[PDB]
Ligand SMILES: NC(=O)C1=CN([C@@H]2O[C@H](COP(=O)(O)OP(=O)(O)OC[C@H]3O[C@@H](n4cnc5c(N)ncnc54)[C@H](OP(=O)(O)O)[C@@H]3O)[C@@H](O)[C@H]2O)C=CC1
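Okay, so here's just one chain, in structure tokens, the form deposited without the ligand.
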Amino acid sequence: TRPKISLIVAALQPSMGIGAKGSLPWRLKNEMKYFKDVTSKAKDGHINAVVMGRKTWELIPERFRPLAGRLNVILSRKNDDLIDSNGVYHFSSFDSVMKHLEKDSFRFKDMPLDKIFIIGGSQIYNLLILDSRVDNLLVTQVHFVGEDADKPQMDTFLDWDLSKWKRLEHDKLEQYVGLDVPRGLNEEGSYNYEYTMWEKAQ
């Protein structure tokens, strides 16, 4: 995997709810912008991939899709590993798409891939945390500071193992994503959140 693989996710402290049934009980305005800047930022002449599940794809409004400036990869169990004329990859598994990219030297429309972001929620976050090809986690740590009755009843939890990841210094996050990042906590109505990066083992 010549490109770096990132798994980018917003978890809720300290329990780590990934979704409440499937909606995300927060509109974090500056989170959306962070996500756009991070996934689009590549070297000159390079491009990034965005990898997501069928259901995340359908949640994006027609307006904004395919996610512009990125290789868009959609994973569904029974996809047939097809590429449509717009360059969107319709694949059945992450391993299937890594194989196909590897045969083309990790290039998309003759551009080198730089970073691959798994964004895909639900489903594939927990299917893919376990894959050792994953180089790092980009975790938006979220804190609820509202009014009790506003507290999210989180349904699905990031199958993370505290033992496997070490948090990186902010400079390393900024180097990696290639952009200055607001540091410390970010307060947005009923929520506090901060951007973090984790890599594995020794």
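Superpose the two forms; the largest set of C-alphas matching within 1.5 Å is the rigid core. Note that residue numbering begins at 1 and tracks the sequence as displayed.
What follows is about the form solved in complex with the ligand, which we do not show.
Visitor: Overlaying the pocket C-alphas and bringing the ligand over as found in the entry with it bound, would you call this site open, or blocked by 3+ ligand atoms sitting within 2.4 Å of backbone or C-beta?
Guide: Blocked, per the superposed partner pose.
Visitor: With the partner absent here, would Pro3, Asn48 and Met197 each sit within 4.5 Å of the ligand in the entry with it bound, counting heavy atoms only?
Guide: None of them does, since no heavy atom lies within 4.5 Å of the partner.
Visitor: Consider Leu59 of the chain shown here, and say whether it contacts the ligand in the entry with it bound, taking contact as heavy atoms within 4.5 Å.
Guide: Close contact exists here: in the entry with it bound, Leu59 approaches the ligand to within 4.5 Å, heavy atoms only.
Visitor: Is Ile119 one of the residues lying within 4.5 Å of the ligand in the entry with it bound, judged by heavy atom distances?
Guide: Yes, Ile119 sits close enough to the ligand in the entry with it bound that at least one of its heavy atoms falls within 4.5 Å.
Visitor: Would you classify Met111 as touching the ligand in the entry with it bound, given a 4.5 Å non-hydrogen atom cut-off?
Guide: Although the ligand is absent here, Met111 would stay clear of it in the entry with it bound, with no heavy atoms inside 4.5 Å.
Visitor: Although the ligand is absent from this view, report whether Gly53 comes within 4.5 Å of it in the entry with it bound, heavy atoms only.
Guide: Yes, contact at 4.5 Å.
Visitor: Going through 13-48 from first to last, which residues have a non-hydrogen atom within 4.5 Å of the ligand in the entry with it bound?
Guide: Stretch hits, in order: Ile18, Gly19, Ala20, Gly22, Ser23, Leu24, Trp26.
Visitor: Given a core-based superposition, decide whether the C-alpha of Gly178 shifts by 2 Å or more between the shown form and the other one.
Guide: Not so; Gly178 is displaced by less than 2 Å.
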